[PDB]
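Okay, so here's the structure we're looking at.
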Amino acid sequence: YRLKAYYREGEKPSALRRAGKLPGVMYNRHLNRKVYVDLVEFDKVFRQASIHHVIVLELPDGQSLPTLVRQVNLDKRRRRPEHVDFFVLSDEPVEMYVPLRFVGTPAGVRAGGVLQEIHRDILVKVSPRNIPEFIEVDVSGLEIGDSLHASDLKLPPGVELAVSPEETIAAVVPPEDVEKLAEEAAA
Amino acid sequence: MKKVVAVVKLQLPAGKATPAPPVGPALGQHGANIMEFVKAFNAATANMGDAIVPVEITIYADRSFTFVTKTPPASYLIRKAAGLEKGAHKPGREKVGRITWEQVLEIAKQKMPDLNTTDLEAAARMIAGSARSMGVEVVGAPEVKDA
Amino acid sequence: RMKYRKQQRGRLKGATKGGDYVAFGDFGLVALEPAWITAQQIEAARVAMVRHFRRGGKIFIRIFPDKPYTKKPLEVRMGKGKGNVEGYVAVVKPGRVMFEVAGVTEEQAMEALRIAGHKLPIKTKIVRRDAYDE
RNA sequence: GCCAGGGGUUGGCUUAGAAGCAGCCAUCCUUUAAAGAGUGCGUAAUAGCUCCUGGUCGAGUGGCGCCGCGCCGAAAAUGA
Numbered sequence: 003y004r005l006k007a008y009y010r011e012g013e014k015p016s017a018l019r020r021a022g023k024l025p026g027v028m029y030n031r032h033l034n035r036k037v038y039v040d041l042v043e044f045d046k047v048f049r050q051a052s053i054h055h056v057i058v059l060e061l062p063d064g065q066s067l068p069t070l071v072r073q074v075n076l077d078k079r080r081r082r083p084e085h086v087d088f089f090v091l092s093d094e095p096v097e098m099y100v101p102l103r104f105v106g107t108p109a110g111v112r113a114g115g116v117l118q119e120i121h122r123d124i125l126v127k128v129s130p131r132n133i134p135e136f137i138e139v140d141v142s143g144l145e146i147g148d149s150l151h152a153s154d155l156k157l158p159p160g161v162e163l164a165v166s167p168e169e170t171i172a173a174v175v176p177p178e179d180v181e182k183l184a185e186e187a188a189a
Numbered sequence: 001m002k003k004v005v006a007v008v009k010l011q012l013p014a015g016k017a018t019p020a021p022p023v024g025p026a027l028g029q030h031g032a033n034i035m036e037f038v039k040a041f042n043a044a045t046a047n048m049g050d051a052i053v054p055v056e057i058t059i060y061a062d063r064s065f066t067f068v069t070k071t072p073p074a075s076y077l078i079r080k081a082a083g084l085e086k087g088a089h090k091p092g093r094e095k096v097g098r099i100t101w102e103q104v105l106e107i108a109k110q111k112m113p114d115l116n117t118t119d120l121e122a123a124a125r126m127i128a129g130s131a132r133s134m135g136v137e138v139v140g141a142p143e144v145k146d147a
Numbered sequence: 006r007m008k009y010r011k012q013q014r015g016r017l018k019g020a021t022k023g024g025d026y027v028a029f030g031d032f033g034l035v036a037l038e039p040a041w042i043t044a045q046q047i048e049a050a051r052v053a054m055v056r057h058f059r060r061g062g063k064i065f066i067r068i069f070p071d072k073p074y075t076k077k078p079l080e081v082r083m084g085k086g087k088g089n090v091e092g093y094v095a096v097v098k099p100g101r102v103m104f105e106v107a108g109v110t111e112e113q114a115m116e117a118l119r120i121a122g123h124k125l126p127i128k129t130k131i132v133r134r135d136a137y138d139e
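Structure, rendered in structure tokens:
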């Protein structure tokens, strides 16, 4: 996902918003600079990609940079972002979140339940070369009440995690229904 | 060279039969000459075994019927190896019997001469597909083969 | 519950921290107006939603009423309200997520929350998930 | 908008009855350029009309989110 990057300086923060240009910042160990990216362009780019896929940023210098959305500040009250962060990479190992896919239906939902996915992404310490678009998780034999922890995932070559190997990826939860409602509001 | 009136669908065994419902509120309030119309029912189930034959009845324009004996529903071929007399109440979580994808291959050659399906490789998934939504699964070996 | 006794009124100042991001489930329901949601209000929603999709998906009540709503017994001025008539409330400020659903397709988790909002005083706005995480 | 055609299957289960159509559980294939084991009404249960096709037609259409302004919701006692 590419996106045209623009340079901001003294320009007042809000006024940029009145241009549909959401203000922002790129930076890292060897750099710091103010920026501002068009909201519509950003949106289309972000939705699909988010904080997993890497987004290159083209400056008025003919520069292509391998940035990542470290964080993004949103305006509570009508979900809409005020400020974005971009982390410039190089080729040294780096931490970031990677997406998740859960194939097949567990012995839970297939019988009668609901898939309670706790994460949609896991934290990994990996180099800009390796940036897996998804991590397979064979959630087939997950009976109602069981769960798959961080200690059993499809870790591709040279991709060691970053969170506790005891942290839980997700869980198979009980379906709530009306048959409960007689006992719930009862005792 | 013949006249008809209306189509009606009935379910009943082959050979043993009486005017009892739901065949009652059927050929009863419309009249039926079961004096000779049944001498063609005992010659049509003479050497034919028992089952649940839905003879596709189509009331003529002369107050008769087109007794064309068809092949039993795909709910009788599955409980033919399970011995049961019904089906599973929730096809999904519970499993009454676990037949084979082999018994579906030679009980379906009894369901093609009437059904509108050509070869049998398609008639293998019809009897194994109508079994899916009734509470029973199978197991195979050959399959696609391919490369 | 434990806490301790009756608390003061307060003021529904702005929207500041009153606001979130969908954390659990596929869709979401959030508040556009500041207000004092009650217990039985939330309950009025809890039920309706489940009565919609019996044997359906799992519901998450993200907000929680720990503010003692006080009241007075039909007279006048001696002492402060024995209150607790309505019970305990939640300070809900615009942008705040209130009801998360899952295990239900659009048409399900859409006609589920909307109904909720109608057992709800303020105005609401169902939500997808875009991608805005953290 | 119109003309015409409009399978095993009557899905399995429940039920006095549940025939695409009270309730429950679900993910077959075949004639085919097309017809959902099923959108609604209907019958005691059906059939049936309709929300499938080719042609005629002849160029756009359907749905969704947001804004500015307005519309219903809006009934009182001396005359407006």
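Residue numbers (the authors' numbering), protein chains in the order written: chain AL25, 3 to 189; chain AL11, 1 to 147; chain AL16, 6 to 139. Idealized CB from N, CA, C, for every residue including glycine.
- Message: Judging by CA-CA distance, which residue of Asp119 (chain AL11), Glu121 (chain AL11), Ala46 (chain AL11) is the nearest neighbour of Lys16 (chain AL11)?
- Response: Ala46 (chain AL11)
- Message: Under 8 Å: do the region 28 to 39 of chain AL16 and the region 99 to 117 of chain AL16 share three or more Cβ pairs, one atom per stretch?
- Response: yes
- Taking just the CA atoms, how far does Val139 (chain AL11) sit from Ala28 (chain AL16)? 42 Å
- Message: Below 8 Å, how does it come out for the region 14 to 32 of chain AL25 and the region 118 to 128 of chain AL16: are there three or more Cβ pairs, yes or no?
- Response: no
- Tell whether a beta-carbon distance below 9 Å holds between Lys72 (chain AL16) and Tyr93 (chain AL16). yes
- Residue range of the beta strand (DSSP E) that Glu84 (chain AL25) falls in? 83 to 90
- At a cut of 8 Å, does the region 126 to 142 of chain AL25 reach the region 102 to 114 of chain AL25 through at least three beta carbon pairs? yes
- Closer than 7 Å by beta-carbon distance: list the chain AL16 residues that pair up with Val74 (chain AL25), in chain order. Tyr137
- Message: Quick check: what's the CA-CA separation for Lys18 (chain AL16) versus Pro70 (chain AL16)?
- Response: 18 Å
- If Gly26 (chain AL25) sits next to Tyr38 (chain AL25), beta carbons under 8 Å apart, how far is it from one beta carbon to the other, in whole angstroms? 6 Å
- In angstroms, rounded to a whole number, what distance separates the CA positions of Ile124 (chain AL25) and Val106 (chain AL16)? 22 Å
- Query: With distances taken between CB atoms, is the gap from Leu70 (chain AL25) to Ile57 (chain AL25) smaller than 9 Å?
  - Reply: yes
- Would you kindly check if the distance between the Cβ of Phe48 (chain AL25) and the Cβ of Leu102 (chain AL25) is under 9 Å? no
- Item | Inter-stretch contact (C-beta, 8 Å, three-pair minimum) for the region 62 to 70 of chain AL11 and the region 97 to 104 of chain AL11 | no
- Query: Mind pulling the chain AL25 residues with CB within less than 9 Å of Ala20 (chain AL16)?
  - Reply: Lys78, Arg79
- Task: Taking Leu118 (chain AL16) as part of the alpha helix (DSSP H), name the residues at either end of that continuous run.
- Result: 111 to 123
- Item | Inter-residue Cα distance where the pair is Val136 (chain AL11) and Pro130 (chain AL25) | 50 Å
- Shortest alpha-carbon distance to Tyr137 (chain AL16) belongs to which of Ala51 (chain AL25), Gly115 (chain AL25), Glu13 (chain AL25)? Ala51 (chain AL25)
- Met98 (chain AL25), buried or exposed, once every other Cβ within 10 Å from all chains shown has been counted against 16: buried
- Item | Alpha-carbon to alpha-carbon, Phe44 (chain AL25) and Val104 (chain AL11) | 57 Å
- Query: Going along the chain, which residues of its own chain have a beta-carbon closer than 8 Å to the beta-carbon of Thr69 (chain AL11), five neighbours each way excluded?
  - Reply: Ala14, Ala44, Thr45, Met48, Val53, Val55
- Item | Pairwise C-alpha distance: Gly64 (chain AL25) and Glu13 (chain AL25) | 22 Å
- Query: When we look at the beta-carbon of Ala6 (chain AL11) and count the other beta-carbons within 10 Å, is it buried (16 or more) or exposed?
  - Reply: exposed
- Query: Do you know how far the Cα of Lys23 (chain AL25) is from the Cα of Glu11 (chain AL25)?
  - Reply: 13 Å
- For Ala50 (chain AL16), the nearest candidate out of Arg60 (chain AL16), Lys98 (chain AL16), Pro39 (chain AL16), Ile64 (chain AL16) (CA to CA): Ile64 (chain AL16)
- Query: Taking C-beta to C-beta, are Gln110 (chain AL11) and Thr71 (chain AL11) nearer than 9 Å?
  - Reply: yes
- DSSP three-state assignment for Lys80 (chain AL11), whether helix, strand or coil: helix
- Taking a Cβ distance cut-off of 9 Å, strictly less, list which residues of the region 106 to 118 of chain AL25 are near chain AL16, in chain order. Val111, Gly114, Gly115, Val116, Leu117, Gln118
- Quick one: give me the first and last residue of the beta strand (DSSP E) that residue 192 (chain AL25) is part of. Lying outside 3 to 189, the shown extent of chain AL25, residue 192 (chain AL25) is not represented and no answer is given.
- Query: Span of the beta strand (DSSP E) holding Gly33 (chain AL16)?
  - Reply: 33 to 36
- Compare the Cα-Cα distances from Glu84 (chain AL25) to each of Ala113 (chain AL25), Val90 (chain AL25), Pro62 (chain AL25), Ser16 (chain AL25) and report the closest residue. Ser16 (chain AL25)
- Task: Over the uninterrupted alpha helix (DSSP H) stretch that includes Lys46 (chain AL25), give me the two end residues.
- Result: 41 to 51
- Message: Along the chain, where does the beta strand (DSSP E) containing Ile47 (chain AL16) start, and where does it finish?
- Response: It is not in any beta strand (DSSP E) - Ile47 (chain AL16) instead sits in the alpha helix (DSSP H) that spans 44 to 57.
- Grab the span of the alpha helix (DSSP H) containing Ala123 (chain AL11) for me, first residue to last. 123 to 126
- Query: Should residue 153 (chain AL16) be flagged as near chain AL25, meaning a C-beta pair shorter than 9 Å?
  - Reply: In the structure as shown, chain AL16 begins at 6 and stops at 139. Residue 153 (chain AL16) is therefore absent and cannot be evaluated.
- Extent of the continuous beta strand (DSSP E) to which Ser66 (chain AL25) belongs: 65 to 70
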